There are 2 protein chains.
Amino acid sequence: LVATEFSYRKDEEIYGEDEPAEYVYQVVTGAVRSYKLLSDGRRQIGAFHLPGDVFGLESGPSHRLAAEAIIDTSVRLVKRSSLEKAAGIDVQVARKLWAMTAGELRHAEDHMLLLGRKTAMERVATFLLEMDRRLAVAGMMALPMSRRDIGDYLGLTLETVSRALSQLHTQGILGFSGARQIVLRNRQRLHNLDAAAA
Amino acid sequence: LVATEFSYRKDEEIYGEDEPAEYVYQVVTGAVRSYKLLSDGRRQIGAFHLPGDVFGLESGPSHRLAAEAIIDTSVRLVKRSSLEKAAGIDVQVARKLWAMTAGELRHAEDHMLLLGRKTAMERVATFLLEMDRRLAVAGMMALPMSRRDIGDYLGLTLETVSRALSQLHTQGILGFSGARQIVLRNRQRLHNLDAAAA
DNA sequence: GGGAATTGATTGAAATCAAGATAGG
DNA sequence: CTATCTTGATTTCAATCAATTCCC
């Protein structure tokens, strides 16, 4: 129905893993990471949510990943129960909720293949192409997250990510204007470094 | 509504990647693997579907993973269009379909953490515990798949999986009655070798 | 009998350990 | 100024390469 606005500071938790899934959120400005942790501190980031993306939608009762703002972020949010009510009233709403979860599933399925099977360079080339599609403006990606967040998204250390980016820069495949301002100079070459579907 | 029966031989493809998602399936007997391939032959298994499990449900128009019988398998299946009609007629059907996809998402989220962050031994212990919960009979797991399928589910080589299983055996954690007949002797010790949540 | 599994030897890609260089605040 | 990022040195865990052995 009606959304309400809210903002979170860089690094503020928006919800925790296993916390009640009481609201559903949409990024207006900024960026959010969703992740799971192990007890010794190892962290897998499952997804980055960028402006316009919806997150926190759960069919069940609890958030299965924690979510934190990467940088100061403004979101819109709606009560989960308000969505459940609308879905009951309107077959089209119910179908759109399922579609949202299905798109999350498709992203996770592709991401399992990356984490289980791709080389470090393939993973970084995949990542740069995904970000270019999602956030490039007039050819340039202003990436909101650190090298440690990129590594924890890709199942790699930040040093390996840095090394792959350095190599791509030396080869003329990308340009830098500072470490997180990246301009892809040849998407085709970079596409050739990811792994290809059978 | 009305399900029909069908069977597939060991290694027969049930549907391909990117193929039209025309039917939804439930294992009655046997076992199925869902996977994605890369062009050089590398393979990530996203899930094993065991008796009673439903698979091949897509919100979108096509299968995002291929599916193959691991051993001779009997399934029940229904037309996807038949499900879409029931879901339009009944709010609880629509809701169950969303819940199915959401359970697949929860599995894939956990599995990303495993593929991105768990050591080889943690992955194998996770796998044995998952299979014990889903398929043990009076304490013993008759695993339907090869070591190569296990490694492709866990982002490991079959040799690494063999070594971890050998080690668990030598430590008294599991028993063998042949390679794929496994009896967990101490689930607590094995749970301690998986990695724990924060 | 023969694909599957175990086991051993070795390599290798990414992690870890360790300085510096960079550049946002 | 101080995190973040890059780069280098070295280690390590799992992969790869290579025979046997065990069972279906």
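What you see below is based on every heavy atom in this structure, not just the backbone, and it leaves out hydrogens, waters and symmetry mates. Every chain is numbered from 1 and lettered A, B, ... according to where its sequence line falls, protein lines coming before strand lines.
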- [ ] Not counting sequence neighbours, list each pair that qualifies as a side chain to side chain donor-acceptor pair (under 3.5 Å) and has a residue in residues 85-97 of chain A.
- [x] A:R95-B:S59
Task: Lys/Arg N to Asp/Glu carboxylate O, A:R117 vs B:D152, below 4.0 Å - done: yes
TODO: Respond yes when some side-chain nitrogen or oxygen of B:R148 is under 4.0 Å from OP1 or OP2 of C:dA5, and no when none is.
DONE: no
TODO: Inspect the contact between A:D11 and A:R33 and indicate whether a charged nitrogen and a carboxylate oxygen are less than 4.0 angstrom apart.
DONE: yes
Task: Contact under 4.0 Å: B:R163 side-chain N or O vs C:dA5 OP1/OP2 - done: no
- [ ] Give a yes/no answer on whether the side chain of A:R147 brings an N or O atom under 4.0 Å of OP1 or OP2 in D:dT6.
- [x] yes
Task: A:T160 vs C:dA15: side-chain N/O to OP1/OP2 distance below 4.0 Å - done: yes
Open item on the list: If you compare every side-chain N and O of A:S162 against the phosphate oxygens of D:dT7 (OP1, OP2), does one of them come in below 4.0 Å?
Closed with: no
Open item on the list: With a 4.0 Å cut-off on N to O distance, would you call B:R64 and B:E104 a salt bridge?
Closed with: no
Task: D:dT4 phosphate, OP1 or OP2, under 4.0 Å from A:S146 side-chain N/O - done: no
Open item on the list: Using five pairs at each end of the helix from C:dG1-D:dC24 to C:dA19-D:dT6 to define an axis, what is the angle between those two axes, to 10°?
Closed with: 50°
- [ ] Compare the minimum distances between each of C:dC17, D:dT6, C:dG8 and the side chain of A:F176, then state the nucleotide with the smallest one.
- [x] D:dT6
